[PDB]
Amino acid sequence: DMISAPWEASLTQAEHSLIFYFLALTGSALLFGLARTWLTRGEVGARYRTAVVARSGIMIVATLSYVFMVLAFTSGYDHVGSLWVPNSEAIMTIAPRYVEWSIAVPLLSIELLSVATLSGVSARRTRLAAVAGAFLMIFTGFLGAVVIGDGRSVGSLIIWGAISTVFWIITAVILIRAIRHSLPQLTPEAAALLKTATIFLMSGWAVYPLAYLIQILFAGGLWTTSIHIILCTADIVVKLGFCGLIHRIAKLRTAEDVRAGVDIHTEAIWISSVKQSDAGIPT
Amino acid sequence: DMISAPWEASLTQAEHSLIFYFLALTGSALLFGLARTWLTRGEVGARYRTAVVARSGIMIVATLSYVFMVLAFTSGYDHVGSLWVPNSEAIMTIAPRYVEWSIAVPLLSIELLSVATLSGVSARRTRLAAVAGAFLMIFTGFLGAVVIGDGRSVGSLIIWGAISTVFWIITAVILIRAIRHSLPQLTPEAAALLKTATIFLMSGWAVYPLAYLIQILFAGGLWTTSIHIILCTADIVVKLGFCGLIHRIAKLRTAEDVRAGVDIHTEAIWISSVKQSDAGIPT
Amino acid sequence: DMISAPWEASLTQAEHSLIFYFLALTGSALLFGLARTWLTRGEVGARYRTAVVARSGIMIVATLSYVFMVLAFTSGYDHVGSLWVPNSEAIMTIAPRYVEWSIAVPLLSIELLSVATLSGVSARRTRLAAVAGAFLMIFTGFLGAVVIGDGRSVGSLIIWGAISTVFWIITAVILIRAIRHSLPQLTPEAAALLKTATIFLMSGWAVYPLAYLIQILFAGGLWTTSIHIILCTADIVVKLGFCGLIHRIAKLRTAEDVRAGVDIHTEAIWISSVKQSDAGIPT
Amino acid sequence: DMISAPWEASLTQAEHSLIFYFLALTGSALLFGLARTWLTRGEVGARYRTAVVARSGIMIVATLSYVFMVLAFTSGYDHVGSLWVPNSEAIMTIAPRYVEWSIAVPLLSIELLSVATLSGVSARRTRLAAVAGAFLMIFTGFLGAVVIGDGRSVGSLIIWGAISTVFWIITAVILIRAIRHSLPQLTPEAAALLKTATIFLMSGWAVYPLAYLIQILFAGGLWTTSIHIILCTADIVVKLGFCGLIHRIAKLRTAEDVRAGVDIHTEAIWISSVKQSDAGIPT
Amino acid sequence: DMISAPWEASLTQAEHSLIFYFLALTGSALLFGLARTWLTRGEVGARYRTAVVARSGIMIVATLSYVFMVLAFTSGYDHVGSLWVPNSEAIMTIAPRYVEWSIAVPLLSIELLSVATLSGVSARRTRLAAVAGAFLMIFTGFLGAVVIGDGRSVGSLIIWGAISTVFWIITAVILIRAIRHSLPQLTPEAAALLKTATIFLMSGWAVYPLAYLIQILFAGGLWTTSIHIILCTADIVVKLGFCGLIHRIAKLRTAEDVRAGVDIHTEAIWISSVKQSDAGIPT
Ligand SMILES: *C/C=C(C)/C=C/C=C(C)/C=C/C1=C(C)CCCC1(C)C
Ligand SMILES: *C/C=C(C)/C=C/C=C(C)/C=C/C1=C(C)CCCC1(C)C
Ligand SMILES: *C/C=C(C)/C=C/C=C(C)/C=C/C1=C(C)CCCC1(C)C
Ligand SMILES: *C/C=C(C)/C=C/C=C(C)/C=C/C1=C(C)CCCC1(C)C
Ligand SMILES: *C/C=C(C)/C=C/C=C(C)/C=C/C1=C(C)CCCC1(C)C
C-alpha cells in the first residue's frame with residue numbers, strides 16, 4: 001500500500017516548536033560531547049586511542065548532521081495559516097540521519113571492540129565484519145525509507161526493514177561473541193563495565209527501529225514529531241551515555257596497565273574522584 | 001487570558017539598536033569565555049577536569065545560541081517606517097535561549113559539584129538528580145513560554161511556570177545539600193570560595209524567572225528590550241563570573257593536592273599573582 | 001541641531017573601494033594577531049597567562065566584528081549610478097565597532113595590569129574599576145552615536161560624548177595610578193617597557209574620540225571614508241602594536257622569575273634574538 | 001561526436017537521493033579521517049612527519065571539495081515534476097573533484113615516498129617528478145572532461161584522456177621504481193606493508209579512469225549516479241584505507257628506530273594492540 | 001587613455017572553468033600550507049618562532065582571500081548565452097588579492113629576516129623599514145589598479161605602478177643588504193640556503209608586476225584568465241615553495257644551536273631524512 005513520508009505532514013506551531021527544540025538540543029549536546037572528547041583525550045593510553053578516534057568521529061559527523069537538519073528545518077517548512085507546510089527541503093530534516101548513522105554505527109562498533117581483549121589480525125576480522133554489518137544495516141534501511149518507494153511504500157519499507165534487521169542480528173552476534181570472549185580475559189572491574197556497555201549499546205540500537213515502524217504504521221504531524229523526539233533523544237543517550245562508558249573502561253584499562261608495568265602514563269588517572277594510577281616518566 | 005508574545009511587538013530604532021548591541025555583546029563575551037577556558041585548561045588537575053569540560057560545554061552552546069539569535073535578529077525584523085516589525089524569525093531571537101539553558105543549567109550544576117567533596121557513586125546519584133531537575137525546569141518553562149499556548153496564554157505561562165519553579169526548588173535543594181556536606185570536608189580557603197560560588201549561582205538563577213514574569217505581565221517593545229537586556233546581562237555575569245569562580249576553586253584544590261602529595265602538577269599554580277604550588281615531575 | 005549619520009552618505013567608487021580595502025585589511029591583520037597569540041602563548045609563564053587570555057579575547061572579538069562589518073558592507077551599499085547608495089544595513093558597517101570596543105577596551109586594561117605589580121584583592125579592586133570605567137565609556141558613546149538620536153542629533157552626540165569622556169578620564173587615572181605604583185617595584189628594563197606601553201595605549205585611545213568628533217562636525221562620503229580609515233588604522237596599530245608590547249614584558253618578567261628561582265619555564269626565552277632565560281625541568 | 005556532460009542529465013528522486021547520500025557520506029568519512037589524522041599525529045616520529053602532513057592535506061582538501069559539492073548539489077537541481085533538472089550549478093557537483101585530485105594525488109605520492117628509504121636530494125628528484133606527473137595527469141584530465149569541449153566532446157575526452165594516461169604511467173613507474181629500491185633496505189615487516197600499500201594505491205588509482213570512460217560512453221541519470229557512487233566509494237577506500245596503511249608503516253618505522261637507538265619517542269607505539277616500542281626520555 | 005578593467009570582460013565557458021579551477025586550486029593549496037605550518041611548528045626553536053608566526057599569518061590571510069574570491073566568482077558572473085558576463089561582484093574576484101598582499105609581502109619580509117643574523121634594535125630598524133616599504137608598494141599598486149581611475153585609466157596605472165616600483169626597489173635593497181650582512185655570519189650550509197631563499201623571494205616578487213602590465217596593455221577574457229593563472233600560480237610557488245625554504249633554514253639553525261649548546265630542543269631534527277640534532281631535556 002501507499003503511505004505518507006514523515007516529511008510530508010503539516011506541523012502545528014507546537015509540533016514545529018518541539019521539533020526545533022529537540023533538533024537544536026541534540027545538536028548542542030553533540031557539540032558538547034565533541035569538546036569533552038578532545039578535552040579528555042589524554043586520559044587514555046595509546047593502547048586505547050582508537051576509542052578516542054571513534055568517539056571523535058561519531059561526535060563530529062553527528063554534529064554536522066544535526067546542524068544541517070536544523071537549517072533544513074528552518075527552510076523546509078513555511079507558516080501557511082496556523083500550520084507549517086513541508087517544502088522539498090523537509091526530507092532534509094530526516095534523511096541526513098542515515099548518513100550520520102552510516103558512519104556512527106560502524107564507529108560505535110569499533111569503539112566497543114577497542115576496549116575488548118582482541119589483538120592482531122583477530123582485531124581485524126571482527127572489526128571488518130562488524131563495520132560491514134553495521135553499514136549494510138543502515139544502508140538497507142535508507143533504501144526502504146528514503147530511496148526505493150520514496151518512503152511512501154509499505155512493501156518497500158517492510159522488505160528493506162527486514163533486510164536491515166538481518167544485518168542487525170549479524171552485527172549484534174559478532175559484537176556479542178567478541179565481548180563474551182573478552183570478558184574472561186579482562187579484570188573483574190573492567191569486565192563488569194564492558195558487559196554493561198554492551199547491553200547499553202545493543203539496547204540503544206533497539207530504539208532506532210521503532211522510529212522506522214512508526215513511518216510504516218502512522219502518519220501525521222504528531223507522528224513526525226514523535227519520530228524526531230525519539231531519534232533525538234536516542235542520539236543524546238547513546239552518543240553521550242555510551243561514549244562516556246567506553247572512556248571509563250579505557251581509563252580503567254590504562255590505569256591497570258600502568259600498575260602492571262605494561263606502560264606508563266603522563267598524568268594520574270581519576271575515575272569518580274578516586275585515583276586509579278599515578279603519573280610516571282619513561283625510566 | 002490571551003497576551004502578546006515578546007517576539008510579537010514592534011521595536012523602535014532605539015530598541016532595535018539596544019537589542020542588537022546586547023545580543024552581540026553577550027555572544028562576544030561568551031566567545032572570549034570559550035577561549036579563556038581552553039587557554040587555562042591546564043591550570044587544573046585531572047581530578048578536577050570535569051569543571052573544564054562543563055565550562056567548555058556551557059561556553060560553546062551559549063556562543064552558538066547567541067550567534068543564531070543575532071542572525072535571526074537581523075532577519076527577524078523589517079524596518080517598516082520608523083519602527084521594526086517582527087517577522088516569523090522573531091521568535092528565533094528568544095526561543096534558542098531555552099535550548100542553551102537546557103544544556104547549560106545542568107552543566108552548571110555539574111561544574112559546581114565538580115569541586116565539591118563527593119566521590120564514587122555518591123557523585124552519581126546527586127549528579128543525575130541535579131541534571132534531571134535542571135533540565136526539567138528549563139523544559140517545563142519552554143513549554144509554557146513557547147509551545148503550549150504559543151507564549152500568548154497567561155494560564156499556560158502561569159501553570160508551566162509553577163511547574164518549572166518546583167523543579168527549581170528541587171535542583172537547588174539537591175545542590176545546596178551537597179555543598180553543605182562538602183564544606184566541612186574542604187579546607188577553609190576552598191570552603192569559603194565554594195560557599196560564595198553556590199550563592200552566586202543560585203542568585204543568578206533567580207534573575208531568569210524575572211524575564212518570565214515580564215512576559216506574563218507586560219507586553220511592548222520596551223518590555224521585549226528589557227527581557228533581552230536582563231537575560232543577556234545575566235548570561236554574561238553568570239557564565240563569566242561563576243565560571244571564573246569554579247576555576248579558582250579547582251586551581252586551589254589542585255594546589256592543595258600537590259602540596260599534600262595526592263598528585264603532582266606540571267606547572268606552578270598562581271592565584272591572584274600568588275604562587276600556590278610549584279611545578280613537579282612524575283616520580 | 002540635526003546631522004546625517006556616517007552610514008547615511010553615498011560613496012563614490014573610490015570611497016567604496018578604500019573602505020572595503022581597510023575593512024578587509026584590518027580584519028586580516030587581526031586574524032594574523034589571533035594566530036600569533038596562540039602560537040606564542042607558551043613563551044610566557046603562568047603568572048602572566050592573563051595577558052594571553054586578554055589578548056586572545058581582543059583578537060577574537062575584533063576579528064568577528066570586522067568580518068561582520070565586511071559582509072555588511074558588501075550588502076549595505078548598492079551601486080545606483082556611479083555612486084553607492086547606503087541601504088538600511090549600512091549602519092551594520094559602523095555599529096559593530098562599539099560591540100567590539102565594549103569587550104576590547106576593558107580587556108586591554110586587564111592586559112596592561114596583568115604585567116604590573118598588583119596582587120591579591122588589590123589587583124581585583126583596580127581591575128573591576130577599570131573594567132567598569134572602560135565599558136561605561138564605550139557604552140555611553142554608543143548611546144550618543146547610535147541609539148539616542150539615531151546618530152543624527154548633535155546635542156545627543158555632544159552630551160553622551162562628554163559623559164563618555166568623563167569615564168575615559170576615570171579609567172585612565174585608575175590605570176596610570178596603578179602603573180605608577182608598579183614602576184618602582186619592577187626591574188628597570190621591565191619598568192621602561194611598561195611606561196612605554198602605558199603611553200602607547202593611552203595615546204591610541206585618543207584617536208578613537210576623533211572619529212566621534214567627525215561624526216558631529218562633518219558629513220559626507222569623504223568623511224565616512226575618513227572615519228573608516230582612522231578607526232581601521234587605529235585598530236591595527238593598537239591591537240597589533242600594544243599587544244606585542246605586553247607580550248614582551250610578560251616574556252621579560254617570566255625570564256626574570258626563572259633567573260630568580262621564583263619559577264621554572266619549559267623553554268628558553270628569546271627577546272630580540274637575545275636569550276633571556278634557559279629551559280628548565282620541574283625540580 | 002557531441003555527447004551529454006554527466007551534469008546535464010535529469011535525475012529521478014531515487015538517483016537524486018542516492019547521490020546526496022554518497023556525497024554526504026564521503027564528506028563525513030573524510031572529516032572523520034581528518035580528525036583521526038590529528039588525533040594520531042604523535043604516534044609517528046619526526047623522521048616520518050611528512051606522512052602526517054600529506055595525509056592532513058589530503059583530508060582537508062577532500063573534505064572541502066565534498067562540502068562544496070554537497071551544497072552545489074542542493075542548489076544545482078530543481079524538482080521540476082518527478083525528475084530533478086540540472087541547473088548551471090550542476091557542474092559544480094562534479095568539477096570540484098578535479099581540484100581536489102590535483103592536490104591529493106601529488107600528496108598521496110608524497111605520503112608513499114615518505115615511508116620509503118630515499119633520503120637527501122634523492123628524495124627530491126623523485127618527489128618532484130612524481131608531484132609533476134601526478135598533477136599533470138589530473139590537469140590534462142580536467143581539460144578533456146570539463147574545459148576543452150565542455151565535457152561534451154568525445155574526441156576531446158579521448159585525446160586528453162590518453163594524455164592523462166601517459167602521465168599516469170610515468171608517475172606510476174617513478175613511484176614503483178622508488179619503492180622497489182626501498183623494499184630491500186627496509187625490514188621485512190615494513191617492506192611487506194609497503195609493497196601492499198603500493199599495490200593498494202596503484203589499484204585505487206585505476207578506478208578513477210573508469211568514471212572517465214563512462215562519461216565518454218554512456219549518458220543518463222543512471223550513469224551520472226554511477227559516476228558519483230564509483231568516485232565517492234573510491235575516495236573513501238583510498239583516502240581512509242591507504243592513509244591508514246601509511247600510518248602503520250610510519251609507526252612501525254618509528255618503533256624500529258626507537259629500538260635501534262636511532263631516535264627516542266615520547267609514547268609507546270602499539271600496532272594491533274601489540275607494543276612495538278616503549279616510551280623514552282631525551283637523554 | 002581609457003581601458004577595460006580585467007573584471008569587465010566576458011568569459012567563455014573554458015575561461016570561466018579555468019579560472020574557477022585555479023582559484024580553487026590555489027585556495028586549497030594554501031589551506032594545505034596552513035596545516036603544514038601548524039603541524040611542523042615544533043621543529044623549530046623559540047629563537048626562530050617568528051618564522052612560524054609569519055608563515056602562519058601568510059597562509060591564513062591568503063586562504064581567506066581565495067575563499068572570498070572563489071565565492072565572489074560563483075556570484076560575479078552570469079551565464080548569458082554561451083558567455084559569462086561580469087556583474088559588480090566581478091571586481092571581488094581580483095581586488096581581495098591586494099588585501100592579501102598588503103599583509104603577506106610585509107610578513108614574507110619578516111619571515112626572511114627571521115632566519116638572518118640581525119638581533120636587538122638592529123632587527124627592528126630593518127624590520128620596520130621593510131614592512132613599510134612592502135606595504136606601501138602594494139598600497140600604491142592598489143590605488144592605481146582599483147581606486148584612482150577605477151582600473152580603467154592607463155595614466156593612473158602607469159603613475160601608481162611607477163610609485164609602487166620605487167618602493168619595490170627600496171624594500172628589495174633593504175632586504176638584500178640585510179641578507180648580505182648575515183651570510184658571512186651564518187654557517188656555510190645555512191648561508192647557502194639563505195642566499196637561495198633570497199633569490200627565490202625576489203624572483204617571485206617579479207612575477208606579480210607582470211599581471212599589472214597586462215592590465216595596462218591587454219584587455220579581454222583571455223587576458224583576465226591569464227592574469228588569474230599567473231597570480232594563482234605565483235602564489236602557490238611562492239607561498240608554498242619559499243615558506244618551505246625558510247622552515248628548513250630555521251630547522252637547520254635550531255639544530256646548529258642544539259649542537260653548540262646555545263639551546264636544547266625537545267625533538268630530534270631531521271632534514272631530508274638526515275638527523276641534524278638529537279632530542280634533549282632542559283636540565
Ligand atoms: C548514534 C546512532 C545510532 C546508534 C543509530 C542506530 C541505528 C540503528 C541501529 C538502525 C537500525 C534499523 C533497523 C534494524 C531496521 C531498519 C531501520 C533501521 C535502519 C532504523
Ligand atoms: C547560563 C544560563 C542560566 C543560568 C539559565 C537559568 C535559567 C533558569 C534558572 C530558569 C528558570 C525558570 C523558572 C524557575 C520558572 C520558569 C521560567 C524559567 C525557565 C526562566
Ligand atoms: C581596540 C579598540 C580600542 C582601543 C577602542 C577605544 C575606544 C575609545 C577609547 C573610545 C572613546 C570615546 C570617547 C572618549 C568619547 C565618545 C566616543 C568614544 C566612545 C569613541
Ligand atoms: C583521492 C583521489 C584520487 C586517488 C584520485 C585519482 C585520480 C586518478 C588517478 C585519475 C586519473 C585519470 C586518468 C588516468 C585518465 C583521465 C581521467 C583521470 C583524470 C580520471
Ligand atoms: C604571495 C604574494 C606576493 C609575494 C605578492 C607580491 C606582489 C608584488 C611584489 C607586487 C608588486 C607591484 C609592483 C612592484 C609594481 C606594480 C604594482 C604591484 C603592486 C603588482
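Chain A is the first sequence line, chain B the second, and so forth, proteins listed ahead of strands; every chain is numbered from 1. Computed from heavy atoms alone, side chains included, the values below leave out hydrogens, waters and symmetry copies. Note that ligands are numbered from 1 as they come in the structure, with each ligand's atoms numbered from 1 the same way.
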Which bit of D:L108 is near ligand 4, meaning a heavy atom under 4.0 Å away: side chain, backbone, both or neither? side chain
Among all the protein's non-hydrogen atoms, which is closest to atom 9 (C) of ligand 4, and how far away is it? D:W205 O, 3.4 Å
Quick test: of every protein heavy atom, which one is nearest to atom 3 (C) of ligand 1, and how far off is it to 0.1 Å?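 Atom 3 (C) of ligand 1 sits closest to the protein heavy atom A:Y208 CZ, 3.4 Å.
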Check each atom of ligand 4 against the heavy atoms of [X] and keep those under 4.0 Å away; list them by number with element.
{"X": "D:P209", "value": "13 (C), 14 (C), 20 (C)"}
{"X": "D:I138", "value": "7 (C), 8 (C), 10 (C)"}
{"X": "D:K239", "value": "1 (C), 2 (C), 3 (C)"}
{"X": "D:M137", "value": "9 (C), 19 (C)"}

Closer than 3.5 angstrom, by distance alone: can the side chain of [X] be matched with the main-chain N or O of [Y] as a donor-acceptor pair?
{"X": "E:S203", "Y": "E:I199", "answer": "yes"}
{"X": "D:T140", "Y": "D:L136", "answer": "yes"}
{"X": "D:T165", "Y": "D:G161", "answer": "yes"}

For ligand 1, which atoms, with element, lie under 4.0 Å from some heavy atom of A:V105?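 Within the 4.0 Å cut-off of A:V105, ligand 1 contributes 3 (C), 5 (C), 6 (C).
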Heavy-atom contacts with E:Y212 under 4.0 Å: which atoms of ligand 5 show up? List them by number with element. 16 (C), 17 (C)
Quick one: which ligand 5 atoms are inside 4.0 Å of a heavy atom on E:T165? 15 (C)
Please verify whether a non-hydrogen atom of D:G204 lies at under 4.0 Å from ligand 4. no
Atom 13 (C) of ligand 5: which of E:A134, E:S164, E:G161 has the nearest heavy atom? E:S164
Which option out of E:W160, E:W168, E:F167, E:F142 puts a heavy atom nearest to atom 14 (C) of ligand 5? E:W168
Run the salt bridge (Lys or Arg N to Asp or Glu O under 4.0 Å) check on A:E100 and A:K239 step by step: do they pass? CA-CA 12 Å; A:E100 159 205 348; A:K239 297 180 180 58; 3.4 Å; yes
Candidate pair D:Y21 and A:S102, rule side-chain hydrogen bond (donor to acceptor under 3.5 Å, both in side chains), full reasoning: CA-CA 10 Å; D:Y21 177 75; A:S102 295; 2.5 Å; yes
Show your working on side-chain hydrogen bond (donor to acceptor under 3.5 Å, both in side chains) between D:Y66 and D:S28 and close with a plain yes or no. CA-CA 9 Å; D:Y66 273 83; D:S28 301; over 6 Å; no
Passing candidate, side-chain contact (heavy atoms from CB on, under 4.5 Å) with A:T26, options A:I236, A:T63, A:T233: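 Single side-chain contact (heavy atoms from CB on, under 4.5 Å) partner of A:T26 among A:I236, A:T63, A:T233: A:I236.
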Which distance, rounded to the nearest 0.5 Å, do you find between the CE of A:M137 and the OH of A:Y208? 10.5 Å
Looking at every non-hydrogen atom in both residues, tell me the closest pair between D:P6 and D:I94 and how far apart they are. CB-CD1, 3.6 Å
